[PDB]
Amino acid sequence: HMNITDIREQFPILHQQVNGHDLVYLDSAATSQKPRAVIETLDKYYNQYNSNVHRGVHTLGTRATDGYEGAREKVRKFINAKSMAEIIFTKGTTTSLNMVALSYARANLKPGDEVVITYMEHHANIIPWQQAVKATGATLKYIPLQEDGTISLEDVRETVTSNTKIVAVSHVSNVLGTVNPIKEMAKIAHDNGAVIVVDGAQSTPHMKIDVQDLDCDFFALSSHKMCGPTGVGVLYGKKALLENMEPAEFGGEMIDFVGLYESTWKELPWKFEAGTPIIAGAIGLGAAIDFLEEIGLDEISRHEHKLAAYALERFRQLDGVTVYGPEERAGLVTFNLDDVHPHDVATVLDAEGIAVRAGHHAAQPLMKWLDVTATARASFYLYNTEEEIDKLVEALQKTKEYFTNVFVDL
C-alpha cells in the first residue's frame, strides 16, 4: 500500500509556501510535478553521457543511444504494446494526434467519409480533425452526451455508421472526470469499418493502460502529465497502420537513402522521428515510468478513487456549489460557486496557497454543452491527500462567505 508521506518526500516542489501558506497543489490535470528520480535522471544525462544518438561510433554516443532506445522499451512495456516499432516519441499528445490527422486521416478520407468525435473532447482531439475533414471534403460528427456527462454505447452505435472511417475519443475527460468505455467503442468502430484514435493524455498518468485489451488503433499521451519532463509524448499505433502511413515530418534520421529529388524512409519507429530526438526528455519519461511502476498504477488509481469519493462528498456539504460530470470518475472535480466567477475563486484560493485552474480547460464545445462560460477545477495525483481536500473545501466555504459579505457591504 502506498505511503503518501514517503511519496511526497520525493517531490521537492511540494515543500514550499505561497503567500505565506503551505502550497496545496491541486492542478495536476494541467501538469504534474516531478519526483527526484526523474529530475536526477536528467541531471545524470547532461552531467555524464549526453551525446547524439544512433551513430554508436563513440562511447558516450553509445550510452545516450542505449538510454533513448531503452526508454522506448520502457514505454512499450508500460502500455503493453507488442513492439517498439509501434512506439513513436513526439513532443506531446497534441503533436501525436496531429500526426494521425495528417498522415492517416488526410490520406484516407474522401467526400462521404465521416470522422466521429464527442462533445467532451479537448481541443487537441478536435481541431486536427476539423482541419483534416476540411482538407478532404469529409464530414465531422459528434457523439452526444447523457445528462451526467457520460457516453452511452447506444449513442455511439447511432452516430458511427458504415461511412465512418475514424472515431477519436478521450479515454478520460479532464473536465468531467468521465472514464469513457474505450474498449467497447473500439469494437463499435471496427464493426463499422473505422479505426479508433484514443486521447490518453489524462488516463495514462493515473491508471494502467493496456493497448492490447483496449484494441485501440492509435493512442496518444504526454510525459508532462505523468511525472515526466515537459516537451515529450508518445504516439502508439498498430504496426500495420503505421507501416502504411507516410511520415508527417521529413529530415535526417528518418531517411535511408537520399537522392537529389527522391528519398526512402527508415523502418518504424524511426520513420516518424525526424531530426535529433528529444533525447534527455525521453530518458526522463522512462524514469517517470519506472517510478510509477514501482508504486503501481493500480495503487495510484485506488488512491485517486479515494480522493475523488472524498472530494465529491465534501463538495456536497457546501451550499451553492455545482459539480459537473458523473459520480464514478477520475481524480478531479470541476465546479462553480453560485454567483462567484471561477477566476475570482482561483484567485482567492491562490492567496490561501491553493493552486486550482479556472477557464474553459481547452474544451469550449463542452462548456457550451454545460451552458457555462468557464469553470474552476481541482485535480489530484499520487502526492495529494484528504487533508488538502479539507483545505480546499474550507477555502471555498470562506470564499462563499467573503463574496456574500462584499455583496452585503455593497
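Start at 1 and count along the sequence shown; that's the residue number.
Relative to one another, 289-297 and 135-143 have unequal mean CA B-factors, and 135-143 is the one with the higher figure. Higher mean CA B-factor, judged across 155-163 and 197-205 from the recorded values: 155-163.
Across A355, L60, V372, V53, the greatest Cα temperature factor reported in the deposited entry is at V372. The PDB entry assigns its highest CA temperature factor, among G92, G251, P269, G149, to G149. Ranked against the other modelled residues of its chain, the C-alpha B-factor of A395 as given in the entry falls in the highest third. Residue-level temperature factors show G112 in the highest third of its chain, judged at the C-alpha atom. Compared with the other modelled residues of the chain, the Cα B-factor recorded for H361 ranks in the middle third. Per-chain ranking of the deposited C-alpha B factor places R106 in the highest third. Sort the modelled residues of the chain by CA B factor and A376 lands in the middle third.
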